[PDB]
Amino acid sequence: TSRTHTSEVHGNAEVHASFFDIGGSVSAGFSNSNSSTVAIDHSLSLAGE
Amino acid sequence: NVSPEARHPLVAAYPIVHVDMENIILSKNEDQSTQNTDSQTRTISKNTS
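Residues numbered from 1 in each chain as written, not as in the entry; some residues may be left out. Chains lettered and ligands numbered in written order. Part of a larger assembly, values for the part shown. Heavy atoms only, no water.

As summarised from the PDB record, the model derives from cryo-EM at a stated resolution of 3.2 Å.

What follows is the structure, given as structure tokens:
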């Protein structure tokens, strides 16, 4: 059984150009995460010698 | 076999025996043993997750 947490910080920017339209945009933000996992196993092993 | 000098009544006839060692053979009592062995195995693990 496990559960994870993720932190994130980024900023991207895209600049637009045209015949007479020129602009450059920016952005900012942050994202979080919260997982929850489980795992169940079942095994067999026959060994001769 | 009484030697001639001792056939006189006044000379004593007696033996002079003496043991001398010519060789000494020691044999170290010790037991030693070797062992060879070889083995094969086979395991077939069937597993679920």
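(A) How the structure looks around the overall build of chain B. Within chain B, the secondary structure is distributed over zero helices and one strand. Considering only C-alpha atoms, chain B reaches an extent of 120 × 15 × 15 Å along its principal axes. By the burial criterion, 2% of the 49 residues in chain B qualify as buried. When the accessible surface of chain B is totalled, it reaches about 6000 Å², and 50% of it is carbon and sulfur. (Helix = DSSP H or I, 4+ residues; strand = E, 2+ residues; numbered from the N terminus. Buried < 20%, exposed > 50% of the residue type's maximum accessible area, 1.4 Å probe, protein only. Areas by Shrake-Rupley, 256 points an atom, 1.4 Å probe, with all protein chains shown as cover.)

(B) The arrangement of the interface of chain B and chain A in detail. With eleven residues of chain B at the interface, the matching set in chain A holds ten residues. Buried area between chain B and chain A, summed over both chains or domains, comes out near 710 Å², and the portion from carbon and sulfur atoms is 30%. Linking chain B with chain A are zero salt bridges. Inspection of the region where chain B meets chain A yields nine residue pairs in polar contact. Residue composition of the side of chain B that touches chain A, by class: one nonpolar, eight polar and two charged. Taken together, the seven bridges between strand 5 (residues 42–48) of chain A and strand 1 (residues 42–48) of chain B define a ladder with antiparallel strand orientation. Bridging across to strand 1 of chain B, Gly48(A) finds its partner in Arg42(B). (Contact = heavy atoms within 4.5 Å. Buried area = accessible area lost by both parts, 1.4 Å probe. Salt bridge = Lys/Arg side-chain N within 4 Å of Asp/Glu carboxyl O. Polar contact = N/O pair within 3.5 Å; in protein donor to acceptor, adjacent residues only side chain to side chain. Nonpolar A, V, L, I, M, F, W, Y, C, P; charged D, E, K, R; others polar. Pairing = 2+ DSSP bridges.)

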